[PDB]
Amino acid sequence: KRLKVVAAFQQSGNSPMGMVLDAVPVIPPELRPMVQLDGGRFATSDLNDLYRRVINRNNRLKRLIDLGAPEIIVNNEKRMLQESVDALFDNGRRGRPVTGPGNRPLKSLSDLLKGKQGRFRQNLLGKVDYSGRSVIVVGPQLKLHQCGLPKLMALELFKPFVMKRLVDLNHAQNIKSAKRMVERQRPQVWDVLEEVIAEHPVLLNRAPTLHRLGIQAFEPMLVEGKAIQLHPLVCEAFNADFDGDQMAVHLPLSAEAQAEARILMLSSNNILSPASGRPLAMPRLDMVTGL
Amino acid sequence: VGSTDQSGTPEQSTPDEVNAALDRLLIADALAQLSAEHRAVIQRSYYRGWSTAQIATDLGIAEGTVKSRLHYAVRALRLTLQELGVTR
Amino acid sequence: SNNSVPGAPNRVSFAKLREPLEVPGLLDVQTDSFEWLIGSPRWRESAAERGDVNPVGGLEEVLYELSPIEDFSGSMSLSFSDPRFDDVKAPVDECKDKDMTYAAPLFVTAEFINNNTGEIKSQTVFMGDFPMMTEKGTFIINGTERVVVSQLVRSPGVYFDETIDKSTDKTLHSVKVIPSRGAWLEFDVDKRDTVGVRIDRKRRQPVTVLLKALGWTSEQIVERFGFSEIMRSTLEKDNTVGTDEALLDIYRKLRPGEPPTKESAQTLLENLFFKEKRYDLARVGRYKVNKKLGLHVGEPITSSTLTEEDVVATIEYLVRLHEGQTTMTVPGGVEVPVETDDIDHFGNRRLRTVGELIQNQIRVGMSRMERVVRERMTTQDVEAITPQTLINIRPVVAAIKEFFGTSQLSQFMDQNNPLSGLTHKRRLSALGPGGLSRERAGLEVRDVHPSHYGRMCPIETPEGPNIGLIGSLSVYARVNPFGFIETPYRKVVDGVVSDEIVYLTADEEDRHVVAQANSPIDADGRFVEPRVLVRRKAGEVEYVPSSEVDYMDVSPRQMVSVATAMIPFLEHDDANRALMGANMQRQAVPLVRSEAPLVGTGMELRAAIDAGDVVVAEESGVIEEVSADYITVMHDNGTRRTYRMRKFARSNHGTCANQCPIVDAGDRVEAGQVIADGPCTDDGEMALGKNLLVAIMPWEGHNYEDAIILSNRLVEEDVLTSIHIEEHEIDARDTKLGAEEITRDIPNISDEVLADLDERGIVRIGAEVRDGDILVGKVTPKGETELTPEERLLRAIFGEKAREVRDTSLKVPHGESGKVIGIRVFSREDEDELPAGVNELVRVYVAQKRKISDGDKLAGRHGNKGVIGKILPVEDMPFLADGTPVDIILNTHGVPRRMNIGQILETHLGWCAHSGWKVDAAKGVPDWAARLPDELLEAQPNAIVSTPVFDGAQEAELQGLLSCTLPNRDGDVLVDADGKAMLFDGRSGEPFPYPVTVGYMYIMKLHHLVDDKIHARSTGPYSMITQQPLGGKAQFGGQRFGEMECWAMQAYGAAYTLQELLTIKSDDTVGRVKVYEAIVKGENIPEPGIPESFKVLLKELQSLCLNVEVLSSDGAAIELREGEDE
Amino acid sequence: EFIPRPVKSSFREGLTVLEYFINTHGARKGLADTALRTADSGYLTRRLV
Amino acid sequence: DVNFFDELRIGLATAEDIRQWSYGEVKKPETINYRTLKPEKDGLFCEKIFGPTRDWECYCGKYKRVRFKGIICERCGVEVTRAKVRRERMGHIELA
Amino acid sequence: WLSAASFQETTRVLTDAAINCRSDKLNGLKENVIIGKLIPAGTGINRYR
DNA sequence: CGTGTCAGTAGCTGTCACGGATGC
DNA sequence: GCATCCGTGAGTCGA
Ligand SMILES: CO[C@H]1CCO[C@@]2(C)Oc3c(C)c(O)c4c(c3C2=O)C2=NC3(CCN(CCn5c([N+](=O)[O-])cnc5C)CC3)NC2=C(NC(=O)[C@H](C)CCC[C@H](C)[C@H](O)[C@@H](C)[C@@H](O)[C@@H](C)[C@H](OC(C)=O)[C@@H]1C)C4=O
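Within each chain the first residue of the written sequence is number 1 and the count goes on from 1 in that order, possibly differing from the entry; residues lacking coordinates are omitted. Lettering of chains starts at A and numbering of ligands starts at 1, both following the order in which they are written. Scope of values: limited to the chains shown, which are part of a larger assembly. The side-chain values count all of the structure's non-hydrogen atoms but skip hydrogen atoms and water molecules. Residues with missing side-chain atoms are left out of burial classes, side-chain pairs and their counts.

- Method of determination, as annotated in the archive: X-ray crystallography, at 3.70 Å resolution.

- The PDB entry lists chain E under the name DNA-directed RNA polymerase subunit beta', with Mycobacterium tuberculosis as the source organism.

- In the annotation of the PDB entry, chain B is listed under the name RNA polymerase sigma factor and assigned to Mycobacterium tuberculosis.

Below you can see the structure in the form of structure tokens.
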């Protein structure tokens, strides 16, 4: 294992001296912002406190070096500078963490990347516009490829498309007044919206997304009310009962995305379970009793 | 008092550029229908923020020439925008 | 009859067992604690008849523990006494309106005793504004009603644990001495047959080190612990020997870095465990120690401290427990068994209520002030000192504010419906300071314990991450001054039930055997069967002779909570759906009009009254004047009392708290009678829902798996219509370029949008406002140097000068719409105290009348929940023979799985309540109605009945009642003796081939409405740091495409959709704008760019001293529109 | 382990007080361990992913 | 800025690399001024180091217009670009 | 190393990545997800793209 | 600015399985 | 050479 460590520095050409720092970098301020509170006071990031303690102890060390203070003070100050840089990079790694007001451990730079709340899992592996969510409702009259969405949801989801069509059919003079029309819900948009969502598939999702059938594509149908109408046969794939659970709607924009929804993710093209090959969209509850 | 990492503090947000993008599109459309001179003057007074004498020095024209070109190009853009129904 | 004590409607009960003890005050947990804390006359008289001699309240106790304050010499002294309160600063509603705290000023009498001068100056010193508890058991902090919730903590005392070692697989034993305050001390026996002790988390020393530091010779140690070889090995393997040696060892391991003096350690080893300053076992802790060890069990509780004898006896207990011993008597002490403790048993699990929780914070503040006192004594002169100069009340008031501010038990009582608030005030949580962390709570702390019987409800508890950590107090349960929960029992003398009732604790209950409540009992009191179902210690249920029963339960519902006791036929529902029903009763929304349920339990009346959301008459009298605004009562003596009605008040969680008078002019009303009822109340009973005509059948798949079909009648007749009120707030501040002003003049806005505003820029009362409408017109001055080039050109091409202000008006959020009912304005100009930097503040209240809609969540009392899948026209509904259509259609498939047959039974009985019945009186009383009371043999239509929990109607009597249901107005019986009826398909007309169960069920409207849960977003705000869309509906954010959803996309192979989701639709700064432009232009979607979050990741890795670089295919590093200088 | 005394009554008949009390133990622990089991299931799932 | 680049390289950051990134040293521990909201010079938010708070606005207030694009102000030392640079310009602390 | 640092033990992976001076060939599902490229699977492979 | 008799955390263990570097 | 102890992990989405 020692060779595993040493041969890296040998071959790579970088000196191990980098493990000892003479200067420490400071992250740009917008990544550690200080906001003003509605009570007149201020609230800053913990990284600012860590950098501030580092700066304070380093300047005090400079004072002690200039004054020729006894070696005990200078050494006991260098130790504190070491601990301050250690807290700035990974607070709590050695000993007890630097507590802020209320015995709360301050977040370090490395804490910006750790775990479920870190940068990777929270802002890179998962992030979206043109999306909504609402309670789901069974819709027996719907076809398997169809889903029912509220008009007020589709208006906001298809807002720019509806603005474009409002300015095309001369319902609005310019795109600006078209936006104002969509925001005020002028009675024309409801006749225009129907033309827009025509054969434009949408994506329905219900968490937890256990398998790939947890997200499926549907043809949207404008329905009154404020609930999403779901087909009774896809309830098995979503594991979705109707006791107050909501679903999310995502609108593919590009031609490639609409094609992937129309061909790869359409509910009618995914009747069988990819895990076992046996059907899922089949009579299950009331339907099997009726048959 | 407060720490952003600590819970209970609202995160900062920035509005969307929808209104700005729409205004920019309409201004570009209205700009296309201008003469090369008027367009090259308004793009040097408002997009580059130069002074009157600076534009007069760059384009090799008089001071009052830049003043008059700006004065007319503003009204021509207003004409186009009011013809397209842009709110005052 | 049921509950014939206040003057309630006559609800007839199916009761076979009499109620020996009536329900106590459901609000006593919050009330008595605070009364003891502030020493109210009620608490003092209660303790006086309790047998107490010279009782002391919480504040007096703190002042006595604190006094006196002396320096090192003793020349100066400070003492406190006589705590008293002046009248309250402001009334309750004024505090709610002006966002202040309900409090009363606290006065004490402090005096300075000078020993070196022989003269004392005594005076009255104001301590602080002490927050006061309302009559409803709530506090008001900054205009919000909050509930201090009782906390389940580990009781102080000595506890023993039998653990199993990991590597050697031998049985180890450990001890913990948990004080009420101070340092901790834990002895243990490791796997090497040696005894050690950890002192305040510090290093584990040999136990003989501690024994030697206290002054015990090495010979007396062998004398005391000689019967065990492990202690011999301990003293042999010891490192250091000597009284002045192990003491310095403890000093250097406890307070490192300091010079170790023999006396410097002699001081702290006495202060940390034997002086009342830094160590204290409470009376309950001292009593628990005296019982667990069996010493001083007869001495009056006077020692408030740990002693050396207790330490020695603890080590003895441990060393005997390790080697299989089961009995021990301390030298000079009573005999006690040697065993391990449960720490989950309610005799070792203590409950501390509001008074103690406030008293601890007061104690901390008083200590912080005591330090200031000792510092101010040695600084000022010893002749101009007064009690006013030594006292700095800043930390004390700061501590109580921190408690009611950044505390844990201070939570704002759920105000959905009165039952939610009552349940809130009766919550018992294990989380918080001194309890446990959520990450530190295994599956053993959460599950039901046999000692919870009649104390904590085993049903009412959340099903989320806080399951088991949060319970509800049982109905008849109460808390003793020690902190344990007592429950009442009927004392059985010699196999004879007596009306003498005594409250027992957990361990006191374990020392006897109790009979179940539903035991067959003779009219004299003797048990019918010799062997009866009886509960015994360690949760054993078995038959036992009648001469063995010591006590018995008071009521069958003794073990359930208030909300749980409100579920009819609870004994026919499984614990899962019963939990859900009890938890959803607290989510009921107060409707416009309220209907009491036909099938009840009797608990609704007392729940509604004890909740405090009704208006009960304090004194008997006649009604002098009744109005929608107030009710005046003319008493018999001659005085008048007027109760003001709370009309259309925003009830916290947005519900409508509206009270309505019941009595009329000139009505004789007795004391304690309900003269007006509020939300979810009907004639004084909890009305959490409506009685709906239900049919149990599948209907064309619209009720498919838990969906619900409703009759449009419920929309036409406002049966499930509810009022909701939202609060909107905005303020005008002082900015850097001027001051924000609230004005009707808003730049570039027509006179049509501003038409609903008054001359101030505020929306007028009564105006209907949709989403996007202006509520408060506020403009903020923006600098010229902050203008976009396009914006400056656009300002130039419109000639509009002097518009240096931008629009920042208060608009209606998306999904909101209603009538403006109230405006409140606070102006710094008009003496109103606003936060520094604020010139004006406006609050607008908007009320919406929400009818029942598709997707709103309904539910019953048996955990049967579901959303509204369809609202058919009244003619589409399956209607009965006489043409009356049903109101609600419930799918049959979702009934026999959940094991909630109660809803079926409630249905049957429900119909019997709607129609009425008449039992055949000729030829005697039938054999099924022999147990029914004579008041049940005849019933008029729309009669109210009671089915008490674990008592009430039996299936035999229900089957009998279904056979004699009263006919309708035409003389025809619509339902059969089976309970089913013939229905007609309202869509085709053909009658349904088979009879269908038809009845009346109580359905509640839960606070999960689609009007709030619907959300959608094209674009909007983005988080400043990560440049990703915001979260939550209130911030107009988007949905999170998580990690699992990305896995789904990748499994489909939808590469382009995934890339589109994670780039142009999220955090691509330039891609999103160009996508919007391409959509409005009709062009195609452009190519995605690089996410800004990845740039941030690289810039953070750089800050962690990591040189990250992106290389091209050739190998040259490429930058991201940035450089680097030195 | 199973209690040496069973619940003889049926939910149609109506459980006694003690029968219901002893049933709630298994009910609550069955609901409690489900969260932790789903947690470990999802963790194993993401490892396999 | 196309989205096709092969390798992403990571390595140890030399102190000389830390100086090569940094647009200046953070000397003073102060943050901003609590009245004018202007960040103090050489502090953790120094505009001379990290960038201007507002677009084309320097600290001393001499250059507030867009026509002076790219001018290093002589009295406060602040460049005049957009505030976007405050999301990418690194600082550094030189240790004694 | 980019696909590993986003899985488990972020610091333990980043330290060894900086010491060994590893270069990541951005050719993988997780990496392309992070950087915003088309995943080399399904409709993202060069055969169909 | 000068500083000068005792002058001394709160909180807390009510998580655990598992592997391997760390240490007597 | 091995028992000790340190550090790692522990469902997802909500208003
Ligand atoms: C100061 O009061 C806080 C506790 C302090 O802290 C802790 C550690 O001690 C607690 C004590 C002593 C409690 O009795 C509860 C908890 C906590 C804590 O947790 C609690 N904790 C949670 C469970 C986990 N969270 C969810 C995680 N989450 C987050 N997130 O950031 O994680 C953001 N959004 C979400 C959903 C929600 C609260 N439920 C919780 C409860 N509710 C239930 O079990 C019931 C089945 C139903 C709910 C009733 C009703 C809803 C509440 O009465 C409302 C009206 C408020 O009273 C409540 C909101 C209060 O809020 C305030 C400021 O008053 C907090 C209880 C507790 O009774």
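Having seen it, we continue.
### With respect to the packing of aromatic side chains
At step 1: In summary, the pairing rule links any two rings of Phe, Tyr or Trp, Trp by its six-membered ring, whose centres are within 6.5 Å, and it sorts them by plane angle into stacked for under 30 degrees, edge-to-face for over 60 and tilted for everything else. Per the stated rule, a full pass over the model turns up 16 aromatic pairs over all chains.
At step 2: With a centroid separation of 5.9 Å and an interplanar angle of 55°, the aromatic rings of A:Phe42 and E:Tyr34 are classed as tilted. Separated into two different chains, A:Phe42 in strand β3 (residues 42–44) and E:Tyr34 in the loop between β2 (22–25) and β3 (90–94) make up a pair that spans both.
At step 3: In this structure E:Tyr34 comes out as exposed when scored by relative accessible area, which is 56%.
At step 4: Ring geometry for C:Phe34 against C:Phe139: centres 5.3 Å apart, planes inclined by 75°, an arrangement best described as edge-to-face. Residue C:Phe34 is found in helix α1 (residues 28–38), and its partner C:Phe139 is found in strand β6 (residues 139–141); the two are separated by 105 residues along the sequence.
At step 5: Note on exposure labels: buried denotes an accessible area under 20% of the residue type's maximum, exposed denotes more than 50%, and partly exposed covers the range between, all computed with a 1.4 Å probe on protein chains only. Exposure remark for C:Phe139: the relative accessible area of 0% places this residue in the buried category.
At step 6: In this structure an aromatic cluster arises from ring pairing among C:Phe34, C:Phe85, C:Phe130, C:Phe139, C:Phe403 and C:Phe404.
At step 7: The ring of C:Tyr1022 carries the charged tip of C:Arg1072 above its face, separated from the ring centre by 3.5 Å.
At step 8: Counted as over-ring charges are cases with an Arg CZ or a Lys NZ within 6 Å of the ring centre that also lie within 35 degrees of the ring normal. The positively charged end of D:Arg47 is found above the aromatic ring belonging to D:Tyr43, 3.9 Å away from the centroid. Numbered from the N terminus, helices here are DSSP runs of H or I no shorter than four residues, and strands are runs of E no shorter than two.

### A few points about the pairing of strand β7 (residues 144–148) of chain C
All names here are of chain C.
At step 1: Sheet topology note: the β6/β7 ladder contains three bridges and is antiparallel. Note on β7: the bridge partner recorded for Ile 140 is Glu 145.
At step 2: With antiparallel pairing between neighbouring strands as the criterion, β6 and β7 make up a hairpin whose turn holds two residues, including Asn 142 at a positive phi of roughly 50°.
At step 3: Pairing between strands is defined by DSSP: at least two bridges between the two strands are required. Looking at chain direction, β7 and strand β19 (residues 410–411) are connected through two bridges and run antiparallel. Paired with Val 147 across the bridge in β19 is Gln 411.

### Looking at the site of the ligand
Residues and elements named next belong to chain C.
At step 1: Any residue with at least one heavy atom within 4 Å of a molecule or strand is counted as near it. Residues in close proximity to the ligand total 15 residues, the closest being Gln 408, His 424, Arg 427, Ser 429 and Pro 462.
At step 2: Residues adjacent in sequence count toward polar contacts only when both atoms are side-chain atoms; beyond that, a polar contact is any pair of N or O atoms within 3.5 Å, and within protein one must be able to donate a hydrogen and the other to accept it. Here an oxygen atom of the ligand sits 3.3 Å away from a polar atom, N or O, in the side chain of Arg 438.
At step 3: Shrake-Rupley sampling with a 1.4 Å probe provides the accessible areas, and residues are treated as covered by the protein chains on show and by no other component. Considering the ligand on its own, with 1,100 Å² of exposed area, one finds that the protein chains cover 53% of that surface.

### Here's the deal with a positive patch on the surface
At step 1: The grouping of A:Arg96, C:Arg201, C:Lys202, C:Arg255 and C:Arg440 at the surface amounts to a positive patch.
At step 2: In this structure A:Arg96 comes out as exposed when scored by relative accessible area, which is 77%. Patch membership needs two things, relative accessible area over 30% and no salt bridge, and members are linked within 9 Å if like-charged or within 5 Å if nonpolar (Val, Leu, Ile, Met, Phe, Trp, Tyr). A pair is scored as a salt bridge if a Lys or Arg side-chain nitrogen falls within 4 Å of a carboxyl oxygen belonging to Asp or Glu. Neither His nor the chain termini are counted; the positive set is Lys and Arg, and the negative set is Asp and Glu. Here the site of a charge means NZ on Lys, CZ on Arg, CG on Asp, or CD on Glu.

### Topic: the interface of chain C and chain A
At step 1: Facing 83 residues of chain C, the contacting portion of chain A comprises 84 residues.
At step 2: Note on terms: buried area is the combined drop in 1.4 Å-probe accessible area of two parts once they are placed together, counting the loss on both. Carbon and sulfur atoms make up 58% of the area that chain C and chain A hide from each other, which totals about 7,500 Å².
At step 3: Contact with chain A buries surface across chain C, with C:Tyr704, C:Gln1039 and C:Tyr1052 losing the most and accounting together for 12% of the total.
At step 4: Remark: the boundary between chain C and chain A carries seven salt bridges.
At step 5: Where A:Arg121 meets C:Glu1043, a salt bridge forms, and the shortest distance between an N and an O atom there is 4.0 Å.
At step 6: In this assembly, chain C and chain A are joined by 38 residue pairs in polar contact.
At step 7: Within the residue set of the side of chain C that touches chain A, elements represented by two or more residues are β54 (865–872), α24 (1010–1013), β61 (1015–1017), α25 (1043–1052), α26 (1055–1062), α27 (1069–1081) and α28 (1092–1103) of chain C.
At step 8: Residue contributions to the side of chain C that touches chain A peak at nine residues, all from α28(C).
At step 9: Looking at chain direction, strand β4 (residues 131–138) of chain A and β61(C) are connected through three bridges and run antiparallel. When the bridges of β61(C) are listed, A:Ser131 appears paired with C:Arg1017. We call two residues in contact whenever any of their non-hydrogen atoms come within 4.5 Å of each other.

### Observations concerning the pattern of salt bridges
Where charged atoms of side chains with opposite charge meet at close range, the side chains can pair.
At step 1: For the structure shown, the criterion picks out 99 salt bridges over all chains.
At step 2: With a closest N to O distance of 3.4 Å, A:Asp38 and C:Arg733 form a salt bridge. Of this pair, A:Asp38 sits in the loop between β2 (35–36) and β3 while C:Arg733 sits in strand β43 (residues 722–735), each in a different chain.
At step 3: Residue class for A:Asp38 comes out exposed when judged on its relative accessible area of 59%.
At step 4: Taking the shortest distance from any N to any O, the salt bridge between A:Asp46 and A:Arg104 comes out at 2.9 Å. In this pair, A:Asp46 sits in helix α2 (residues 46–67) while A:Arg104 sits in the loop between α3 (71–90) and α4 (119–123), placing the two residues 58 residues apart along the sequence. Both residues of the pair, A:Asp46 and A:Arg104, count as buried.

### A few points about the interface of chain B and chain A
At step 1: Across the contact, 17 residues belong to chain B and 17 residues belong to chain A.
At step 2: A combined buried area of about 1,600 Å² lies between chain B and chain A, and 54% of that area is made up of carbon and sulfur atoms.
At step 3: Contact with chain A buries surface across chain B, with B:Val1, B:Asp5 and B:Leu22 losing the most and accounting together for 30% of the total.
At step 4: Measuring nitrogen to oxygen at the nearest pair gives 3.1 Å for the salt bridge that ties A:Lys176 to B:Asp23.
At step 5: Elements that contribute at least two residues to the side of chain B that touches chain A include exactly β1 (2–3) and α1 (18–32) of chain B.
At step 6: The classification used treats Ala, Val, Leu, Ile, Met, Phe, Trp, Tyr, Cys and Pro as nonpolar, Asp, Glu, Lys and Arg as charged, and all other residues, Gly among them, as polar. Tallied by class, the residues present in the side of chain B that touches chain A amount to six nonpolar, nine polar and two charged.
At step 7: The pairing of β3(A) with β1(B) spans two bridges and is classified as parallel. When the sheet's bridge partners are listed, A:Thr44 is paired in β1(B) with B:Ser3.

### Brief notes about the side chain of C:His1015
At step 1: Inspection of the secondary structure puts C:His1015 in strand β61.
At step 2: Within the structure, C:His1015 has its side chain in polar contact with the backbone oxygen of C:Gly1037 (distance 2.5 Å).
At step 3: Beyond its immediate chain neighbours, meaning those up to four positions away, C:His1015 contacts A:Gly132, A:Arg133, A:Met153, C:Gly1032, C:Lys1033, C:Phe1036, C:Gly1037 and C:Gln1039.

### Brief notes about the sheet that holds strand β49 (residues 805–807) of chain C
At step 1: Strand order in this open sheet of three strands is β45-β48-β49 (chain C), and the pairing throughout is antiparallel. Strand pairing shows two members of the sheet lacking a second neighbour, β45 (741–742) and β49 of chain C, which therefore form its edges.

### Remarks on the protein's contact with DNA strand H
At step 1: Close to DNA strand H lie 15 residues; A:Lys116, A:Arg133, C:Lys191, C:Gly1032 and D:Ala39 are nearest.
At step 2: Here DNA strand H approaches the protein such that, of its atoms within 4 Å, sugar and phosphate make up 81%.
At step 3: If you tally residues by element for the surface near DNA strand H, the top one is helix α1 (residues 17–48) of chain D, at four residues.

### Quick look at helix α8 (residues 243–254) of chain C
At step 1: To estimate how far a helix should reach, multiply one less than its number of residues by 1.5 Å. Taking 1.5 Å per residue as the helical rise, α8(C) with its twelve residues ought to reach 16 Å, and the 17 Å between its terminal C-alpha atoms agrees with that figure.
At step 2: The complete set of buried residues in α8(C) reads C:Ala246, C:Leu247, C:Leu248, C:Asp249, C:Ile250, C:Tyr251 and C:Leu254.

### A word on the protein's contact with DNA strand G
Residue and element names in this part refer to chain C.
At step 1: Around DNA strand G there are 25 residues in total, and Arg 154, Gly 182, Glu 258, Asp 344 and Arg 440 lie nearest to it.
At step 2: Sugar and phosphate atoms represent 43% of those atoms of DNA strand G found within 4 Å of the protein.
At step 3: With respect to DNA strand G, the backbone of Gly 182 contributes an N or O atom lying 2.4 Å from a base nitrogen.
At step 4: Of all the secondary structure elements, the ones that give two or more residues to the surface near DNA strand G are β10 (171–178) and α12 (354–377).

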